[PDB]
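Cβ placement follows ideal geometry from the backbone for every residue including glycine, while neighbour counts extend to all protein chains displayed. Please treat every number below as a calculation from the coordinates, not as lab data.
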């Protein structure tokens, strides 16, 4: 980026020197080298807008103070300039609290975004009944029910109108003495605001990648954490995104041990394994316990570039930088119980450092146990979607050659992924298969604009547990013992009788 | 008694994928499609009979031809440049079908010659100012593998596993 | 959907530039225009499949022919002397056109074979005192590059980043 | 497991020379093989009758460059003839690997540099025959002393001795 | 880059001889390579184990001219046979490069002159075969001492040595 413009503001001809500043590494557009952090900053510059962040300095300059600063720093430290960070500032919706003082008879009206609702009060009315009538009128009005939500506040004589579209301007007014208006807005966002930002801010055209809400997971309670986990699961499993989410434990004071983390993960559900749970908070160099997600994601993106995109965010070869310790020491037996339940532990190995020793999802499906398989499937799907985006809104002439061309494009993209190494198989015929020609397209659906493609893939797997079976041999008989045992083992594997038996502990 | 008529020599549609671009053009002539085993000779010592040992598979060069028509400039400029990129390959799609006019009736997948390199590009077979034949664009490709997964027959499966 | 018909074998006009001389004579026959990749063989060690590696491009010899007619003496005397000057090159211009009689419809630029050397000049193909064929001037050229920069189609473009 | 890139062809290199203080811009079409040879000695451990090999006395063998003899090669002839006359002067050979189709070189990685080369043979004319048709070949034999790699994202040659 | 001036061919040279005090008008058809060979020794700088090459003992290798044995070559035979008899007599070889089409040579630059050559071998008849059809070859081997060039506007064999 820099190092090239040094001689631009010099008119004289000649040779000068400029001591070489740092150069940025441009990050390419591979569908899965981005991380989206959903956080809050009182400085609402980019409310509900995923904004690219160049570095922690840019984050501080733009958003100023924020509880996500530590997570951003960890992400950049672990990613080392690779991968992109997109921050989403949660927008706090406007709120209007109306207190109905009494049941005075008369004609009054309630205004919301210029839409007036006439309210009539007769003898026998009550504050609660008037509030309920106002709420019902607003919620059953065809215009307001979409813009705002009306509910009961802390008193039956109170009505709370919350903007259903936080960015849009919401205004309210009253025509009546009994109705007392007050403007309000939570100075901090809530779980509902986080849910709206998660469900209504990501354009499928956005680069696929990881999604993290470390601030929300560290701050919110159990119910709100479950709600946000459900929101992330729905986002990532939505047929338009197919992303991956990194779930964190609550505050360590709440999740003190591994059993509590296991219970929380068990409460969490991810049928297809789009969400992966991690637990120990990563105490950074400034000694702050920072939710794992960001650090893990940074390492993941870095690993994707170096090791490979089929490689899961784990390993001792790819540790965690920017941290010094773990907020809790997970024992081997705790991890033995936890890992099969979907808890990915982070451990302080000696001679290696801080290492993620887990690569499992929250799915109960044995086929998507490992997050590497989930990421491979997401990469395939998102690559195909980005490729087809250019094929959307294309006329289908007489030849019907567009379907053939789509099959061609699918073959090319899947061959590229094969070369990338995402599939198990020595050949593409072993790796993947496509079917999208006109033989599967129905004219009735084509009239509506629907094209169906069918794809089969064989994702690569990983090494999780390595078993060493070595025999102690007497002096002299090693060659014969090895010959006999190897013959037996090879024969059993060849004829498929190796598995027949009972698994020991 | 024949229940199903055999394929004619005109019973195949040929298409090309050159690098990261999909060509909309069709080819009217393609040469033989083969899997060749280079052979060695040996003996068991038990007899003077010569035995043949297969090895060193190769898929021989395939020559596609079509009528040189306008709109072929893009195809020329892509076939010339495909080899320049070591990442780029030429992929040939052959869909067998039963056609009367434009009423092709495909069945089964399509034979895919994958990882092919251009060895020859002949926009103009010849020029004869009083000739009458259609000018024939020609292209020679050196395929590296053959597969088929676009349909319901899969007539070129390898012994993979 | 037969719209634009393809080029016929007679759909090209051939002209020459011989050193600093621009010849107005036309040629009624030209051989195939090609870009050939001389190929080597290799293996990745992971299989016994032979792979083809392109390289050493060459544009094969092109043989032009026309009717030996009066006014060809200067053409002969220029083709003889081209090679004598190490800085003189033959340049071949092929204009594709939809010709019907003398009515031409040129479209696109002209394919130019640049820096061609004369390998053979045959004013008289043969003599037969009772023959009836027209005597044919022939000339073989070794080109070194193909381009196109007239018109609006740029038939031939080299990757040049 | 995956076939991603084609290999380098034998035509996939560009060769340039630095003759003393002169940066000669002429290119060489042919270069001989490039090696790091180990002269070997035989020894035994006394505990068996197997002959072992002991590497030593590294040598980078002669490299023969060749090109077509064209006008403008007079400077090349004179510079190569005169380089050895100066004990401070020696020839550097730059080999840039690349994936060129025509004039469309796409170099990747740095350049293999044969450093500190001495001329051993300069042949402006390989042969003369009034009936021959081949191109006259300029030939030049060089004895390199070291090999390194410079420039580019990929370092091709790095020696360990000093860490 | 752009090939502007087509390189020299192996038929692009004309060879003449000056045998002692005699200027021979006969033209030769073939000639072997022209070289400046450097004999070489090996050494080490001690502070490493690489074998370094030291040039020395310049030598211009033997050059074999050949032509078609035709009548009128008897004077050439006698002159070449008798030249070495005089310790003062020398043989000079003149090589003029040129781009000859037919008899249309266009010389450029001076001529490479092999100065102070001694005859090492004179073979008027390469062999005899009453069934043979090849032209009988006159061969002459010469050992030159110096190389220069003085008769044109290029001077492509300038050594820094002579006086």
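I need the full set of residues from the stretch A:11-33 which are surrounded by 10 or more Cβ atoms within 10 Å (Cβ to Cβ) and more than 29 Å from residue A:302 (Cβ to Cβ), in order please. Matches in the stretch A:11-33: A:18 only.
Listed here are the residues, each with its yes/no results for (1) part of a helix (DSSP H, G or I); (2) out of contact with any strand residue (DSSP E or B) (no Cβ under 8 Å at 6 or more places or on another chain); (3) closer than 23 Å to residue A:197 by Cα; (4) touching a residue at least 60 places away in the same chain (Cβ under 8 Å).
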{"residue": "A:231", "(1), (2), (3), (4)": "yes, yes, yes, no"}
{"residue": "A:234", "(1), (2), (3), (4)": "yes, yes, yes, no"}
{"residue": "A:241", "(1), (2), (3), (4)": "no, yes, yes, no"}
{"residue": "A:262", "(1), (2), (3), (4)": "yes, no, no, yes"}
{"residue": "A:277", "(1), (2), (3), (4)": "no, no, yes, yes"}
{"residue": "A:300", "(1), (2), (3), (4)": "yes, no, no, yes"}
{"residue": "A:309", "(1), (2), (3), (4)": "no, yes, no, yes"}
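Please determine, by comparing only the residues of the stretch A:432-448 that are more than 10 Å from every other protein chain (Cβ to nearest Cβ) and either assigned to a loop (DSSP other than H, G, I, E, B) or in contact (Cβ under 8 Å) with a residue 24 or more places away in the chain (or both), which one is surrounded by the fewest Cβ atoms within 10 Å (Cβ to Cβ). Once the filter is applied, the top-ranked residue is A:442.
For the stretch A:473-503, give me each residue that is more than 30 Å from residue B:161 (Cα to Cα) and in contact with a helix residue (DSSP H, G or I) (Cβ under 7 Å, 6 or more places away or on another chain). If you could, list the steps in order and put the result at the bottom.
Keep residues of the stretch A:473-503 that are more than 30 Å from residue B:161 (Cα to Cα), which gives A:473-481.
The answer is A:473, and nothing else.
Screening residue D:72 with (1) farther than 30 Å from residue C:55 by Cβ; (2) over 21 Å from the mean Cα position of the chain (by Cα); (3) in contact (Cβ under 8 Å) with a residue 24 or more places away in the chain gives one miss only, at (1). Across the stretch E:127-153, what is the total count of residues that are farther than 30 Å from residue D:73 by Cα and surrounded by 14 or more Cβ atoms within 10 Å (Cβ to Cβ)? Summing the residues that are farther than 30 Å from residue D:73 by Cα and surrounded by 14 or more Cβ atoms within 10 Å (Cβ to Cβ) in the stretch E:127-153 gives 3. Of all residues in the stretch A:321-328, none satisfies being exposed (fewer than 14 other Cβ atoms within 10 Å of the Cβ) and either more than 24 Å from residue A:420 (Cβ to Cβ) or without any contact (Cβ under 8 Å) to a residue 12 or more places away in the chain (or both). Just one of the listed residues (A:451, A:380, A:355) is within 20 Å of the chain's Cα centre (by Cα) and either more than 14 Å from chain B (Cβ to nearest Cβ) or assigned to a helix (DSSP H, G or I) (or both), namely A:380. Taking the stretch A:405-431, which residues are more than 7 Å from every other protein chain (Cβ to nearest Cβ) and more than 30 Å from the chain's Cα centre (by Cα)? Passing the criteria: none in range. Candidates are the residues of the stretch C:98-115 that are assigned to a loop (DSSP other than H, G, I, E, B), farther than 30 Å from residue E:5 by Cα and touching a residue at least 40 places away in the same chain (Cβ under 8 Å); the one that is farthest from the other protein chains (Cβ to nearest Cβ) is C:104. Would you mind stating whether residue E:102 is outside any strand (DSSP E or B) and under 24 Å from residue D:76 (Cα atoms)? Against the criterion (outside any strand (DSSP E or B) and under 24 Å from residue D:76 (Cα atoms)), residue E:102 does not qualify. Taken over the stretch A:158-191, the residue count meeting the criterion of being under 22 Å from residue A:225 (Cα atoms) and in a strand (DSSP E or B) is 1.
Looking only at the stretch C:45-66, count every residue that is exposed (fewer than 14 other Cβ atoms within 10 Å of the Cβ), on the phi < 0 side of the Ramachandran plot, more than 10 Å from chain B (Cβ to nearest Cβ) and touching a strand residue (DSSP E or B) at 6+ places or on another chain (Cβ under 7 Å) and tell me the total. Step through it out loud before you land on a result.
In the first step, residues of the stretch C:45-66 are kept if they are exposed (fewer than 14 other Cβ atoms within 10 Å of the Cβ); the result is C:45-46, C:48, C:56, C:58.
Subsequent filtering for residues that are on the phi < 0 side of the Ramachandran plot retains C:46, C:48, C:58.
Checking the rest, the ones that are also more than 10 Å from chain B (Cβ to nearest Cβ) come to C:46, C:58.
From what's left, touching a strand residue (DSSP E or B) at 6+ places or on another chain (Cβ under 7 Å): C:58.
Total satisfying the criteria: 1.
Of all residues in the stretch B:116-142, those satisfying the criterion of being in a strand (DSSP E or B) and within 7 Å of another protein chain (Cβ to nearest Cβ) are B:117, B:118, B:119, B:120, B:121, B:122, B:123, B:124, B:127, B:128, B:134, B:142. The condition of being in contact (Cβ under 8 Å) with a residue 60 or more places away in the chain, surrounded by 16 or more Cβ atoms within 10 Å (Cβ to Cβ) and under 27 Å from residue A:159 (Cα atoms) holds for residue A:91.
Which one is nearest to residue D:161 (Cα to Cα) among residues in the stretch D:88-97 that are in contact (Cβ under 8 Å) with a residue 40 or more places away in the chain and either at the interface with chain E (Cβ under 9 Å from one of its Cβ atoms) or assigned to a loop (DSSP other than H, G, I, E, B) (or both)?
Our first condition is that a residue be in contact (Cβ under 8 Å) with a residue 40 or more places away in the chain; within the stretch D:88-97, this holds for D:89-97.
With the extra rule that they be either at the interface with chain E (Cβ under 9 Å from one of its Cβ atoms) or assigned to a loop (DSSP other than H, G, I, E, B) (or both), the set shrinks to D:89-90.
Values: D:89: 25, D:90: 23 Å.
Checked the stretch D:88-97; the qualifying residue nearest to residue D:161 (Cα to Cα) is D:90.
Select from the stretch B:143-153 the residues that are in contact with a helix residue (DSSP H, G or I) (Cβ under 9 Å, 6 or more places away or on another chain) and either facing chain C (nearest Cβ under 9 Å) or surrounded by 13 or more Cβ atoms within 10 Å (Cβ to Cβ) (or both) and list them in ascending order. Hits for the stretch B:143-153 are B:145, B:147, B:148, B:149, B:150, B:151.
Could you count how many residues in the stretch A:321-338 are in a loop (DSSP other than H, G, I, E, B) and within 21 Å of residue A:297 (Cβ to Cβ)? Let's see the steps before the verdict.
Step one: of the stretch A:321-338, the residues in a loop (DSSP other than H, G, I, E, B) are A:321-322, A:327-331.
Those left that are additionally within 21 Å of residue A:297 (Cβ to Cβ): A:321-322, A:327-328, A:330.
Residues that pass the stated criteria total 5.
Flag set for residue D:123, criterion: under 21 Å from residue E:95 (Cα atoms), without any contact (Cβ under 8 Å) to a residue 24 or more places away in the chain and either more than 7 Å from every other protein chain (Cβ to nearest Cβ) or not in a loop (DSSP other than H, G, I, E, B) (or both). Scanning the stretch C:14-40 for residues that are more than 18 Å from residue D:100 (Cα to Cα), in a strand (DSSP E or B) and either under 14 Å from the mean Cα position of the chain (by Cα) or within 12 Å of chain B (Cβ to nearest Cβ) (or both) yields C:14, C:15, C:16, C:17, C:18, C:26, C:27, C:29, C:30, C:33, C:34. Within the stretch C:77-89, is there a residue that is more than 9 Å from every other protein chain (Cβ to nearest Cβ), outside any loop (DSSP other than H, G, I, E, B), over 29 Å from residue C:7 (Cα atoms) and in contact with a strand residue (DSSP E or B) (Cβ under 9 Å, 6 or more places away or on another chain)? So far as the stretch C:77-89 goes, yes, one or more of its residues are more than 9 Å from every other protein chain (Cβ to nearest Cβ), outside any loop (DSSP other than H, G, I, E, B), over 29 Å from residue C:7 (Cα atoms) and in contact with a strand residue (DSSP E or B) (Cβ under 9 Å, 6 or more places away or on another chain).
Among the residues of the stretch D:103-123, the ones that are in contact with a helix residue (DSSP H, G or I) (Cβ under 9 Å, 6 or more places away or on another chain) and more than 26 Å from residue D:74 (Cα to Cα) come to 1 in all. Is it fair to say residue D:109 is within 14 Å of chain B (Cβ to nearest Cβ) and at positive phi? So residue D:109 fits the description; yes. Any chance the stretch A:395-418 includes a residue that's surrounded by 20 or more Cβ atoms within 10 Å (Cβ to Cβ) and part of a loop (DSSP other than H, G, I, E, B)? No; the residues of the stretch A:395-418 include none that is surrounded by 20 or more Cβ atoms within 10 Å (Cβ to Cβ) and part of a loop (DSSP other than H, G, I, E, B). When the stretch D:126-163 is examined, which residues are found to be in a loop (DSSP other than H, G, I, E, B), more than 30 Å from residue E:16 (Cβ to Cβ) and touching a residue at least 40 places away in the same chain (Cβ under 8 Å)? Hits for the stretch D:126-163 are D:151, D:152, D:153, D:154, D:155, D:156, D:157.
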